[PDB]
Amino acid sequence: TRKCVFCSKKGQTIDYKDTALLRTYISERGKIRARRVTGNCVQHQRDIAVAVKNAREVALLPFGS
Amino acid sequence: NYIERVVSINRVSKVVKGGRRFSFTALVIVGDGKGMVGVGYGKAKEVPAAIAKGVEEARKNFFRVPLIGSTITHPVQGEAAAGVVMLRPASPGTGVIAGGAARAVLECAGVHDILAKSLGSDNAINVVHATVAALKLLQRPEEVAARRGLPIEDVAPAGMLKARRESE
Amino acid sequence: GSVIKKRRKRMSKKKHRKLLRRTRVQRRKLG
Amino acid sequence: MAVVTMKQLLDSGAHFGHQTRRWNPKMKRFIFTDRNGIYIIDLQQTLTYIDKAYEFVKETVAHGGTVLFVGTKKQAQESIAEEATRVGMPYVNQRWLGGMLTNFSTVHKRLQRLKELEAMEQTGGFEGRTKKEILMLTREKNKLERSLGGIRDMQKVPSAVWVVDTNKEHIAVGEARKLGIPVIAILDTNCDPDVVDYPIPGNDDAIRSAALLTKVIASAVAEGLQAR
Amino acid sequence: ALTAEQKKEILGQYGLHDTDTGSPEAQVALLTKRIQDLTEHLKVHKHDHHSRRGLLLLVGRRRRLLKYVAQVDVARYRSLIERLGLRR
Amino acid sequence: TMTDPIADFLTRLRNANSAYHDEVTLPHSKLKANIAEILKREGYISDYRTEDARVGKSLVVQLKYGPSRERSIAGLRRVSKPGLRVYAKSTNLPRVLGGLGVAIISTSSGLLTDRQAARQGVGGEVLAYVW
Amino acid sequence: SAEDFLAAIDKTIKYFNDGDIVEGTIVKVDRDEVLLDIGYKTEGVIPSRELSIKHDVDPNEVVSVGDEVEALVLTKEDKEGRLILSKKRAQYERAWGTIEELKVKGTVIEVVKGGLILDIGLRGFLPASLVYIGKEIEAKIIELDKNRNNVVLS
Amino acid sequence: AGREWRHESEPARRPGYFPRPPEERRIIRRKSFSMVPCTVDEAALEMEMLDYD
RNA sequence: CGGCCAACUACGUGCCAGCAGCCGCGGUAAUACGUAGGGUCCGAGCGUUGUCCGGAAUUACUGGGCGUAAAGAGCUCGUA
RNA sequence: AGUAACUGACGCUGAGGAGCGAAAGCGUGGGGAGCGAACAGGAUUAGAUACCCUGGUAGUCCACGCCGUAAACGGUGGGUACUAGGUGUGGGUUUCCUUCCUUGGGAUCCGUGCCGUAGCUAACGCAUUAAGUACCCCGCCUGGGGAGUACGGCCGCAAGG
């Protein structure tokens, strides 16, 4: 399958400030990508979703552009 | 020679487009009265044919009952389907005390003095199966002694040993 | 199990409830 | 009293079994080590029952008995056939018709019909009737001879049955157990040893191992035949 | 629950010696402190029924521990009850 | 929680016998060791011994199977259990399988069989039936 | 010891992976399938479809008993435990490697009036202008695909 | 529209291509057959034997 | 005196008269109604009714069960 | 989950009893976009107190309180020990392939599914998460209707329980 790039020894921390690391995880319509199509573990998927929602709340990502 | 006990004749039927097709099932017990018995269940378009199939099936499946002189070795309880039959040894001269199917099975097997009680599922086939299982649960004293590796005296009570002495 | 038993029970309960609705005021006036 | 040595069958791949997932726990007795996702069979037990199976075959065919070489999987197909033809013993390789042993009286009529067809072939009655009839009779001849190759020597019943890959031909093992015929088979790591009387642990998916085991059994039965 | 320092001070004041933490006196003291904190919390949030169930569990455990103490040594039970200000 | 250690021992033995196990290990106690010795003397188990476990002692019992891989124990029942306890006088001692089986009885003289208790004229608690 | 001697025999047996090339000897040739001996648990199985590029070639004429071929493992584990091997995909991979090692020489299979589809083991289109059934010609490669192994030839 | 199926229910409209939804649709076929200049008739003949619409 | 449950035929009648512990018998050809032969079980007795126990393991201590047949409280805490 | 420093049988169950308890419903005060019992028309129908359409009040929402019911179901009471395995998936510790990136694999503890032995069952099926083998405590059943109904009693503003 695919690799949870966060469980690795080089896994960058998940934050709602670094917008590129989140833009690489949402589809072109702005929706959050599924876990299977990404392959990250459940905890990292949840952290990614929380960071995406927070960044949307602080007007860093469009609400479904 | 052989003795036979046709314990149950049943008329079963299956539904077809034209109507009902009827066949006859016979439950037959075949034994010699000397310690060997067998049970057969035959089905055919006619009663005598079904009886013949039951007889041949019973003769094919024989089973030796661990008699001790004239009775079973020790009290047992057998269960088959929902039928439960309990067997108990009796003093000589008591005679066969059992219900219809149980009486037929025990008389064919050759048991002369025994107390048998059916405690559920009055259906004849299941009662016969339960009686067969209960008989199959019996153990001869020599087999028990061999299993425990002890002398026959140290395993069986003096009553059973003296009964064996008189029977032989 | 078959729903026939449930149908019988619901019919009985429904009829009793309808009777209670019909005689509510009479029960209040006699109670 | 082993015809083959511990190095002989080991090179073929008898120590090999099946995957760890598809293993039967009742084979833990004859399992030595699990490696690379497959189980390994310890060959010492294989030797100390192959000698016993050799002895039993010797005794059985010595006292006026016969054996049946049973195997349907293609890996051990041709082998058993040729082995039977080198001993003159009944065998099945194509497919086990359900009920040879149990329904012997019925299937013997098939052998009688095959003999009648051969007699007709000798008399040459291929033109006395319609072409469709003779073509159908020839097809019946071919089908009957293909289904019953080693069965034409079955006079009364097998005295013993030899089986390869008991899992594939569970019908034959069930028939043998019903009749009480004592089955000598090479169980794999996924089989059931309770259904076989005299097992020979080893691989059966390799053609070389099955061929070697058939060589051993054929040698045993040939020695028994020479010592009637 | 309580912080490490509160637990340390409670254990030091009520523990039989300087090491024990599972003695019934120490357990009862810790449970009583937790119960009073949970009561102070629930006086504000009346509709927090789940924490109320947790409080019930703590109360039951404290009662069982007091039962064990009173069964083993009556004088210790009296001293603990009088020191922690409990009634029954 | 564990209420009847003797019943637990009997059920462990029965489960091991039905599964054709050859060894059974369980926590050790004097009563269990005594009934195990009684079983060994009657020829129902192969041999019993006691190891040392992580905390206490253990009990390892070897089940006896005949040459045909058939079980040497046909039945294991607990008669006197916590709650309803069964005590028998010296004259009304129970019979198991019409005397073919063995009844374990705890008398003031220790652990005996039904025949031994009858011969010595004592009674006690009917612990279990073995057959 | 005997244990160590058995252990040495067991370590003598080699392992593979899904996607490697394994070389073996054919033991049986069948109407529908071809067996292969590798020296492992079971004999590898080569389907008649996965045997040769041409779609109407029988296993008997291409492969005979006792021959030696190099196949590629597709699935190690089947329901029956057999490993599927294919020399068609193996020849695909080796010939394609040879094909970038040419980008060229081969023969033709299909006759299109707009060009020539050479069968060099793989499909290669040569436009008809700058060039014919069963002949062999030489030219250079224009566009490879390597996904479906398709490629365009000059 | 899609729930429930009956004998006379409208058969599903299926395109000629395998579905392969936008998820991992990708572009895995890139031909560059010819860019030599041609006329309309020559282009039509290059159409016809290629059997391409 | 159809089967349980030992012991069958004829006549009269016909959804009537009637019988019946249950199943159930009376629709011009009834071994189930009434009468005659014949038979069987008892015998100074023979049947019916009423009451109790058994069969009923159908209150199951000996000796029952609760997924779908009746039966696990809606779930926890806790007093005796 | 790990360490196991600590107390040393302090455990289990639990008649009654107390508490929590979907939705609907009731009381006081707010709010009311959408949906929507009741209620109007329209349509279908032999008849439509319905299904479909157009509107639409309570209600759905918030605060404080009541009621105490559900197919409140896994139709499977709680605790414990044992009885072949195979494979998904969640959480935590650790040994060896070792790149140590990798569901590498192994071991182990605690959950949550699927398939399957023995065993059990009337059968369907359950099968280490037992409906298997046993022990402790509680609740419940004794043919179907009449009936979870009547009377009496307790609770509730009422519906009713």
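So basically every Cβ, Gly included, is an ideal-geometry build from the backbone, and we count neighbours across all protein chains shown. Computed from the coordinates by the stated procedures, all read-outs in this text should not be read as laboratory data.
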Original post:
Roughly how many nanometres apart are two label points built 7 Å out from the Cα toward the Cβ at A:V5 and B:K162?
Top reply: 9.5
**OP:** May I ask you to work out the translational diffusion coefficient for the range B:1-47 at 25 °C, viscosity 0.890 mPa s, via Stokes-Einstein with Rh from the Kirkwood sum over Cα pairs, reported in whole µm²/s?
**Re:** 201
Subject >> Per-residue [θ]222 nm for the protein assembly as shown (sum of -39500 (n - 2.57) over DSSP H runs n ≥ 4, rounded to 500) >> reply: -12000 deg cm²/dmol
**OP:** Starting from the Cα gyration tensor of the range A:11-65, take the square roots of the eigenvalues, sort them a ≥ b ≥ c, and report rounded, prolate or oblate (rounded when a/c is under 1.5, otherwise prolate if a/b is larger than b/c, else oblate).
**Re:** oblate
Original post:
Once the dipole of the protein assembly as shown is set up with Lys and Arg at +1 and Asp and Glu at -1 on Cβ about the Cα centre, which of B:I29, F:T11, E:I10 lies farthest towards its positive end?
Top reply: E:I10
**OP:** Please work out, to two decimal places, the log10 of the ratio I(q)/I(0) at q = 0.05 Å⁻¹ from a Debye calculation in which every Cα of the protein assembly as shown carries one identical scatterer.
**Re:** -0.64
**OP:** Provide a whole-number value for the mean count of partner chain Cβ atoms within 10 Å of the Cβ atoms in peptide D:11-17.
**Re:** 3
**OP:** Could you rank the peptides A:34-46, B:108-120 by their average count of other C-beta atoms within 10 Å per residue, with the highest value first?
**Re:** B:108-120, A:34-46
**OP:** Mind jotting down a quarter of the surface of the convex hull over the alpha carbons of the range F:1-73, in square nanometres, one decimal?
**Re:** 5.1
Original post:
If you keep only loop residues by DSSP, which GluC sites (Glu not before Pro) in the range D:120-228 have at most 15 other Cβ atoms within 10 Å of their Cβ?
Top reply: D:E127
Subject >> Fraction of the pair-distance distribution of the range F:74-131 above 18 Å, Cα-Cα pairs, percent >> reply: 24
**OP:** Could you tell me how many degrees, from 0 to 90 and to the nearest 10, lie between the Cα long axis of helix D:170-179 and the main elongation axis, the longest principal axis, of the Cα atoms of chain D?
**Re:** 80
Subject >> Relative contact order computed over chain D (Cα-Cα under 8 Å; 6+ residues apart), in percent >> reply: 33
Subject >> Size of electric dipole in chain G: Cβ of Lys, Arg +1 and of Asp, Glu -1, about Cα centre, debye, nearest 20 >> reply: 720
Original post:
Calculated FRET efficiency, D:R228 and D:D197, Cβ-Cβ r, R0 25 Å, to nearest 0.05?
Top reply: 0.60
**OP:** Give me the Debye-computed log₁₀ of I(q)/I(0) at q = 0.10, 0.20 Å⁻¹ for chain B, equal point scatterers on Cα only, no solvent, two decimals.
**Re:** -0.43, -1.25
Original post:
Hey, what do the phi angles of the range A:29-39 turn into as Karplus ³J(HN,Hα) couplings, whole Hz, using 6.51/-1.76/1.60 and θ = phi - 60°, x for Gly and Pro?
Top reply: 7, x, 6, 6, 5, 5, 6, 5, 5, 9, x
Original post:
When the dipole is taken about the Cα centre of the range F:74-131, and only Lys, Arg (+1) and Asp, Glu (-1) are charged at their Cβ, what size is it in debye, to the nearest 20?
Top reply: 100
Subject >> When each of F:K30/F:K64; D:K143/G:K88; B:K34/B:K136; D:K115/D:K178 is checked by Cα-Cα distance, pairs over 24 Å >> reply: D:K143/G:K88; D:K115/D:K178
**OP:** Of the DSSP beta bridges with both residues in chain G, give the percent that are antiparallel, rounding to the nearest 5.
**Re:** 90
Original post:
Can you give the relative contact order of chain F as a percent, counting alpha carbon pairs under 8 Å and 6+ residues apart?
Top reply: 22
Original post:
Å³ per residue of the Cα convex hull, for chain H?
Top reply: 168
Subject >> Dipole magnitude (debye, nearest 20) for the range F:1-73, charges at Cβ of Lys, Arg, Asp, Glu >> reply: 40
Subject >> Cα→Cβ-extended label distance, 7 Å offset, between C:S2 and G:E93, nm >> reply: 6.5
**OP:** Just the Kirkwood number for chain D, please: inverse of mean 1/r across all distinct Cα pairs, in Å, one decimal.
**Re:** 18.8
**OP:** Taking chain F as the reference, fit the longest principal axis to its C-alpha atoms, fit the long axis of helix F:30-41 to the helix C-alpha atoms, and give the angle between the two in degrees, 0 to 90, nearest 10.
**Re:** 90
Original post:
Roughly how many nanometres apart are two label points built 7 Å out from the Cα toward the Cβ at B:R59 and B:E143?
Top reply: 2.6
Subject >> Among beta bridges that DSSP assigns inside chain B, antiparallel share in %, nearest 5 >> reply: 95
Original post:
Expressed in nm to one decimal, what extension gain is obtained for the pair E:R64 and E:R78 from 0.36 nm per residue of sequence separation less their Cα-Cα distance?
Top reply: 3.5 nm
Subject >> Convex hull of Cα atoms in chain E, direction-averaged projection (nm²) >> reply: 6.0
Original post:
Using bins 10 angstrom wide from zero, how does P(r) for the range G:10-154 break down, in % of all Cα pairs?
Top reply: 11, 35, 28, 19, 6, 1, 0
Original post:
Percent relative contact order of chain E, based on C-alpha pairs within less than 8 angstrom and at least six residues apart?
Top reply: 23
Subject >> Charge-dipole axis of chain B as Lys and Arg at +1 and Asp and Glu at -1 on Cβ define it, positive-most pick from B:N123, B:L135, B:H112 >> reply: B:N123
**OP:** Take every DSSP beta bridge with both residues inside the protein assembly as shown and express the antiparallel ones as a percent of the total, to the nearest 5.
**Re:** 85
Original post:
Taking the range G:1-49 on its own, what percent of its Cα-Cα pair distances exceed 19 Å?
Top reply: 42
**OP:** Report the calculated FRET efficiency for G:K103 and D:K109 (r = Cβ-Cβ distance, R0 = 56 Å), to the nearest 0.05.
**Re:** 0.20
Original post:
Using mean Cβ contacts within 10 Å as the protection proxy, how do F:87-94, B:52-59, G:108-115 order, highest first?
Top reply: B:52-59, G:108-115, F:87-94
**OP:** Over all alpha-carbon pairs in the range D:97-148, figure out the percentage whose distance exceeds 12 Å.
**Re:** 67
Original post:
Can you give the average number of partner chain beta-carbon atoms within 10 Å of each beta-carbon in peptide H:25-34, as a whole number?
Top reply: 3
**OP:** Round to the nearest 0.05 the FRET efficiency obtained for B:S91 and B:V6 when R0 = 41 Å and r is the Cβ-Cβ distance.
**Re:** 0.85
Subject >> Selected from G:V104, G:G39, A:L61, residue furthest toward positive end of dipole (the protein assembly as shown; charges at beta carbon) >> reply: A:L61
Original post:
Given H placed 1.01 Å from N in the peptide plane, which residues other than close sequence neighbours of F:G124 have an amide H under 5 Å from its amide H?
Top reply: F:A88
Original post:
Relative to the first principal axis of the alpha-carbon coordinates of chain B, what is the inclination of helix B:158-167, with its axis defined by its Cα atoms, in degrees from 0 to 90 and to the nearest 10?
Top reply: 70
